[PDB]
Amino acid sequence: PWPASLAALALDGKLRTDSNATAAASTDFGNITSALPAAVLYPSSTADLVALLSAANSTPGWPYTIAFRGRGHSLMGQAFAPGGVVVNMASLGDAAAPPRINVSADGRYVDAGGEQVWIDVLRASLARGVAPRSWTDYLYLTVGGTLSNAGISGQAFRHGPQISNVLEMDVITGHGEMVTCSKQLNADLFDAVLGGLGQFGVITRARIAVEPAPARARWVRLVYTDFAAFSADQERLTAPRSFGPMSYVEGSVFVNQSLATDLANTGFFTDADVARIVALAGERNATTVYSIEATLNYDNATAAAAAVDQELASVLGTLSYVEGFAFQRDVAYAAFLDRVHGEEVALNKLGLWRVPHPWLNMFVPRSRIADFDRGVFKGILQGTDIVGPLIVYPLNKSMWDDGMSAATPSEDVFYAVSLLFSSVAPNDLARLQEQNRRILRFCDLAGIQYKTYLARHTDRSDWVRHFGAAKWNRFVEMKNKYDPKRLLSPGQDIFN
Ligand SMILES: *Cc1cc2c(cc1C)nc1c(=O)[nH]c(=O)nc-1n2C[C@H](O)[C@H](O)[C@H](O)COP(=O)(O)OP(=O)(O)OC[C@H]1O[C@@H](n2cnc3c(N)ncnc32)[C@H](O)[C@@H]1O
Ligand SMILES: *[C@@H]1O[C@H](CO)[C@@H](O[C@@H]2O[C@H](CO)[C@@H](O)[C@H](O)[C@H]2NC(C)=O)[C@H](O)[C@H]1NC(C)=O
Ligand SMILES: *[C@@H]1O[C@H](CO)[C@@H](O[C@@H]2O[C@H](CO)[C@@H](O)[C@H](O)[C@H]2NC(C)=O)[C@H](O)[C@H]1NC(C)=O
Ligand SMILES: *[C@@H]1O[C@H](CO)[C@@H](O[C@@H]2O[C@H](CO)[C@@H](O)[C@H](O)[C@H]2NC(C)=O)[C@H](O)[C@H]1NC(C)=O
Ligand SMILES: O=C(Nc1ccccc1)Nc1ccnc(Cl)c1
Ligand SMILES: *[C@@H]1O[C@H](CO)[C@@H](O)[C@H](O)[C@H]1NC(C)=O
Ligand SMILES: *[C@@H]1O[C@H](CO)[C@@H](O)[C@H](O)[C@H]1NC(C)=O
């Protein structure tokens, strides 16, 4: 039997089972795994979501797991619902009204539908002179999606991840109940959902903190051939004072084998800059080159430009990059934030976007980042053709709320390490997958207490270790309370 409201969804053509629908909801950015759902729901309102989850909750024997597809940027099927129902969240934003994104009248925050993509949140905010404070390097991800993980970028060292910049949310639990939550109201659900990997319910609305929108960003890159100086300077630029001047701090690792091409492909360096760095590498006989990437946001004030210069000069004076290897650019804030989009367009035209992405993402405690550098950047990765950026930068644990579901290392400072390998070569996938296993293996044997990010484990003991035994029990308590039938986001392979 079907509850009337559920059947109504089918009657309205919102519940599709046609191959076209199921197929589109069966692959993800990872392009490594796939799983066909039984059906796909195209909700036109949150009420439709209530109908589905309510049916599931009251219908004894309900056999359909439910996933919430934002844009499907998952790497290993976390957004799939094998033989179940995949919710096409984007459908909530089809109507031209009411708006799915509203900047508060006082301009202190911005309400956004869980299905909205950050790029649109940005535009709507800027139209009101404001903008979120914490981002992701790539803006075409949904609010609910990044919030179910963490949401990190170069601003996280000072503002914390995106999950630390949410005032409240509207969530529909596995029981089918629409609940508003925050630190004050239904705090247990609030904490569970942030970094919750879609296990407790679907986020239909997130109240995001904002700040007055800067107009421009002085964008700089500093080059190093010495990892010690490189990491010491990143830690200096992101150290708690309150934080330094820098609005954003990330880093890059370039292996010597493809140095010229990788530098040229940053879209930041000129061919003249490239020649100099290539020469530097040969002079130091380096197998790896490192580059800090930072920015200083400022506005259109008449004195801004000159004020930024002095500020920048002061900071640079405290660092240790190779003499003369500071490279500057100045762009509009929105241009900087949406910088990766151009790379997507280019890669797609080359047919190098819709390829397997065996990405390795993790948080590495600062005390062992040097060992990681030796074992991976100067070791395992040497002698291979690398396609994709190798991102490395520190984060401050103090800006992370350990009460939330997201898992992080115990040290006060830990690094976000993102090796974005693209399997462009023929069947070069199997090799990259083995390489990632080797890297993880190296870390386990060296005793490095890392945490994976954006990865889904397939063994219960792995998830228990991921969260930590005690934090795991809390995760389970929240599971039994909000999704007792264990139907939500089965692709995480936690309770499925
Ligand atoms: C493809 C990609 C991903 C990416 C990135 C760049 C690219 C090209 N850059 C990132 C960055 O700089 N920083 C960061 O923290 N993450 C970055 N990502 C990874 C991205 O965050 C993840 O892919 C994330 O999952 C968001 O992607 P998306 O919004 O497309 O979501 P999904 O993959 O479809 O679903 C992920 C899981 O979340 C659950 N989910 C989705 N929406 C909701 C809502 N509204 N409520 C509750 N749960 C939700 C899904 O069910 C799934 O399990
Ligand atoms: C954005 O603001 C609009 C109002 O300015 C909200 O619109 C209401 O939305 C609910 C359901 O979401 C409807 O039942 C009401 O009829 C709508 N009223 C209006 C003015 O049309 C909307 O909910 C807000 N969305 C966000 C981002 O929270
Ligand atoms: C960095 O990579 C370059 C290749 O881009 C290496 O240069 C090659 O070195 C071999 C033997 O030393 C020569 O036979 C090739 O002709 C060189 N290629 C070039 C650039 O023409 C270089 O040795 C590497 N440096 C380090 C420190 O590993
Ligand atoms: C330039 O750097 C290279 C690479 O770090 C040095 O070559 C390594 O030398 C050690 C010990 O001599 C060997 O164990 C490695 O196998 C070598 N690297 C590889 C794989 O080729 C080289 O000695 C340095 N140049 C000098 C002598 O200054
Ligand atoms: O993905 C990125 N960062 C990231 C990704 C996943 C987790 C954490 C950070 N950065 C990035 C930069 C340029 N091009 C692309 Cl495709 C991606
Ligand atoms: C990966 O992408 C290719 C090209 O679009 C597609 O043919 C293939 O079915 C995809 N595989 C997976 C596992 O999604
Ligand atoms: C900054 O100036 C540019 C061009 O003068 C303008 O487009 C932009 O709207 C300004 N930023 C603000 C405060 O909106």
Side-chain angles (χ1 to χ4, degrees), residues 32 75 221-234 250-266 268-269 273-293 320-322 325 352 355-394 414-448 450 452-453 455:
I32 286 176
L75 296 162
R221 270 187 173 288
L222 290 355
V223 184
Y224 301 72
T225 53
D226 173 36
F227 182 76
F230 164 71
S231 58
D233 280 356
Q234 286 192 310
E250 289 202 5
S252 306
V253 182
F254 298 99
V255 294
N256 175 72
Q257 190 53 39
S258 56
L259 187 57
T261 300
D262 296 329
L263 290 173
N265 293 341
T266 60
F268 191 90
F269 297 118
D273 301 332
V274 171
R276 286 176 61 208
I277 296 169
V278 172
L280 174 63
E283 291 167 2
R284 302 308 180 78
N285 186 45
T287 56
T288 62
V289 170
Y290 309 93
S291 174
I292 287 185
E293 178 190 42
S320 298
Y321 54 92
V322 182
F325 284 81
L352 302 169
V355 302
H357 295 102
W359 289 2
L360 182 54
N361 301 91
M362 61 192 104
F363 295 130
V364 181
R366 173 201 167 288
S367 75
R368 304 305 296 286
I369 197 58
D371 288 330
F372 191 93
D373 173 62
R374 295 186 191 97
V376 186
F377 304 138
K378 293 191 178 79
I380 293 169
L381 264 39
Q382 289 299 312
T384 74
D385 293 317
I386 292 179
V387 188
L390 303 183
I391 311 175
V392 173
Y393 62 86
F414 56 85
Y415 286 67
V417 172
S418 286
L419 312 186
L420 316 184
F421 305 111
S422 272
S423 189
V424 294
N427 306 302
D428 183 51
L429 178 55
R431 177 186 71 78
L432 292 168
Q433 297 171 310
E434 179 59 51
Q435 187 178 68
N436 290 331
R437 282 188 225 103
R438 267 219 286 165
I439 293 174
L440 287 173
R441 188 193 310 151
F442 160 81
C443 291
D444 299 324
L445 291 180
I448 299 177
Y450 65 83
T452 56
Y453 179 53

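Atom set for the values below is all heavy atoms of this structure, side chains included, hydrogens, waters and symmetry mates excluded. Residue numbers run from 1 in the order of the sequence given.
- Contact detail for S258 and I386: the closest heavy-atom pair is OG-O, 4.2 Å.
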Side-chain donor-acceptor contacts of residues 369-382 below 3.5 Å, not counting sequence neighbours, with atom names and distances?
from: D371; atom 1: OD1; to: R374; atom 2: NH1; distance (Å): 2.8
from: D371; atom 1: OD2; to: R368; atom 2: NE; distance (Å): 2.8
from: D371; atom 1: OD2; to: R368; atom 2: NH2; distance (Å): 3.2
from: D373; atom 1: OD1; to: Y290; atom 2: OH; distance (Å): 2.6
from: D373; atom 1: OD2; to: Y290; atom 2: OH; distance (Å): 3.4
from: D373; atom 1: OD2; to: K378; atom 2: NZ; distance (Å): 2.5
from: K378; atom 1: NZ; to: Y290; atom 2: OH; distance (Å): 3.0
from: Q382; atom 1: NE2; to: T287; atom 2: O; distance (Å): 3.1
from: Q382; atom 1: NE2; to: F377; atom 2: O; distance (Å): 2.8

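- Taking CD of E293 as the start and CD of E250 as the end, the distance is 6.0 Å to the nearest 0.5 Å.
- The closest side-chain heavy-atom distance from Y450 to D444 is below 4.5 Å.
- No more than 12 heavy atoms of other residues, nucleotides or ligands shown are found within 6.0 angstrom of CG on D385.
- Between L390 and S252 the shortest side-chain heavy-atom distance does not fall below 4.5 Å.
- Looking at residues two or more places apart in sequence or on another chain, you find a side-chain contact (heavy atoms from CB on, under 4.5 Å) between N265 and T261.
- Counting only heavy atoms from C-beta outward, the side chains of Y393 and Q234 approach each other to under 4.5 Å.
- Atom OG1 of residue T452 and atom CG of residue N436 lie 12.0 Å apart, to the nearest 0.5 angstrom.
- In this structure, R366 fails the cation-pi test against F414, since its NZ or CZ atom is not both closer than 6.0 Å to the six-membered ring centre and inside 45 degrees of the ring normal.
- At most 12 heavy atoms of other shown residues, nucleotides or ligands fall within 6.0 angstrom of atom CZ in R284.
- Looking at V417 and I391, their side chains never come closer than 4.5 Å, going by heavy atoms from C-beta outward.
- Here the side chains of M362 and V364 are in contact, with some heavy-atom distance below 4.5 Å.
- The closest donor-acceptor contact from the side chain of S291 to the backbone of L222 lies under 3.5 Å.
- Annotation: the span from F227 atom CZ to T225 atom OG1 amounts to 13.0 Å, rounded to 0.5 Å.
- Using cut-offs of 30° and 60° on the angle between ring planes, the pair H357 and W359 is perpendicular.
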* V223/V289 under side chain to side chain contact (heavy atoms under 4.5 Å, CB included): CA gap, chis, key distance, verdict -> CA-CA 7 Å; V223 184; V289 170; 3.7 Å; yes
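- Side-chain atoms of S423 never come within 3.5 Å of backbone atoms of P356 as a donor-acceptor pair (strictly under, hydrogens ignored).
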* Verdict with supporting geometry, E434 and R441, salt bridge (charged side-chain N to carboxylate O under 4.0 Å, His left out) -> CA-CA 10 Å; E434 179 59 51; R441 188 193 310 151; 3.1 Å; yes
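- For the pair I277 and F325, the minimum side-chain heavy-atom distance is below 4.5 Å.
- More than 12 heavy atoms of other shown residues, nucleotides or ligands fall within 6.0 angstrom of atom CZ in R276.
- Residues that satisfy the side-chain contact (heavy atoms from CB on, under 4.5 Å) test with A232, not counting sequence neighbours, are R236.
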* To do: Start with the C-alpha distance between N361 and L75, add both sets of side-chain angles, then the distance that settles side chain to side chain contact (heavy atoms under 4.5 Å, CB included), and finish with yes or no.
  => CA-CA 11 Å; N361 301 91; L75 296 162; 3.9 Å; yes
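- Atom OG1 of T288 is separated from atom CD of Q257 by 13.5 Å, given to the nearest 0.5 angstrom.
- Interatomic distance, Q433 CD to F421 CZ, rounded to the nearest 0.5 Å: 12.0 Å.
- Listed here is the closest heavy atom pair of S320 and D233: N-OD2, 2.6 Å.
- To the nearest 0.5 angstrom, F442 atom CZ is 9.5 Å from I439 atom CD1.
- Across all their heavy atoms, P365 and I448 have their closest contact at CD-CG2, 4.1 Å.
- A pairwise comparison of heavy atoms in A281 and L259 identifies CB-CD2, 3.5 Å as the closest pair.
- Remark: side-chain polar atoms of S422 are not paired, donor with acceptor, to backbone N or O of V424 under 3.5 angstrom.
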* Asked: Going through the distances and angles, do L263 and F254 end up as a side chain to side chain contact (heavy atoms under 4.5 Å, CB included)?
  -> CA-CA 8 Å; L263 290 173; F254 298 99; 4.0 Å; yes
